[PDB]
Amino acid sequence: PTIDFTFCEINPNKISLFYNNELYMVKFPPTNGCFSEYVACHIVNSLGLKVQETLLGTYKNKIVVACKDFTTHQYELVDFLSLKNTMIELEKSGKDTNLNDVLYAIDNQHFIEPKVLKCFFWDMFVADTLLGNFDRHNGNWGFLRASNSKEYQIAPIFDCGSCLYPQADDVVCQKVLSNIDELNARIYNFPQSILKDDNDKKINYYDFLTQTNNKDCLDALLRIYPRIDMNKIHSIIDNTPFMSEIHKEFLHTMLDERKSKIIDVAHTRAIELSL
């Protein structure tokens, strides 16, 4: 059941069009960014987290991912960044992803109950760990604001294109499947979070998750773990159109590796500390 968007009505790289009576933003490949966005978002769905709707189809010659606009309501997307740039207390600008600064903003913003926002932030961080997201920057999450009211909600998760090794082509996939050092590098060394420590160093997923004593993070780990269903996750990979076999094999393997080598270790410890 593939969808050709070529003929859809365009709304006055990305193009905005109507499909099934609703607005979708369509994203074109630059390598497997379209696949990453799609597969990652479907995995996030399987985790029971609110996420944008995604479809894999074609536009004229090219595989594309179509992302359903959620701003359609008396709702406007306000990204976290916009909120952050108004925290006068922060010397660094809105785009800067220092974690401590990000957490300060979360506690000091007036859109959402901070507790609620904190749970979401750390839920997403766990999903991003599983998915290997190297670019959850401040423009890649946020809020829905009531168009005709001062009403706020947290926006569904979106922009998961920097997940699942988007740059890994068939050649790279094969190099990793045939070399354990190449594989483990892609577990312990990178991808790393775009969130930063106080030395402006990127937060390493394994190192941070296995050593953190942030209760909010540990709680999230405990919340999300049971919702990880590897059977479903592998089925999603299997059922993804246009994907190469070596790409699927690569994804199946890396998902298993990230789950056992990062998530499981971190979760065991979180268990421990809960006691």
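Numbers for residues come from their place in the sequence shown, where the first is 1.
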(Q) Between residue 30 and residue 31, what class does the number of missing deposited residues fall in: none, 1 to 3, 4 to 9, or 10 or more? (A) 10 or more
Q | Residues of the deposited sequence that sit between residue 13 and residue 12 yet are not modelled | A | 4 to 9
Q.
Mean CA temperature factor from the deposited coordinates, higher in 18 to 26 or in 254 to 262?
A. 18 to 26
Q: May I ask you to compare 65 to 73 and 41 to 49 by their mean CA B factor in the entry and name the higher one?
A: 65 to 73
**Q.** Top Cα B factor in the deposited entry, candidates 177, 127, 103, 203
**A.** 177
Q: Using the temperature factors in the entry, find which of 186, 150, 95, 196 has the highest value at its Cα atom.
A: 150
Q. Sorting the chain's CA B-factors, does residue 236 end up in the lowest, middle or highest third?
A. middle
(Q) Can you tell me whether residue 81 has a C-alpha B-factor in the lowest, middle or highest third compared with the other modelled residues of the same chain? (A) middle
Q. Comparing residue 107 with the other modelled residues of its chain, is its CA B-factor in the lowest, middle or highest third?
A. middle
Q.
Going by the CA temperature factor in the PDB record, which third of the chain does residue 118 belong to: lowest, middle or highest?
A. middle
**Q.** Chain-wide C-alpha B factor ranking for residue 217, given as lowest, middle or highest third
**A.** lowest
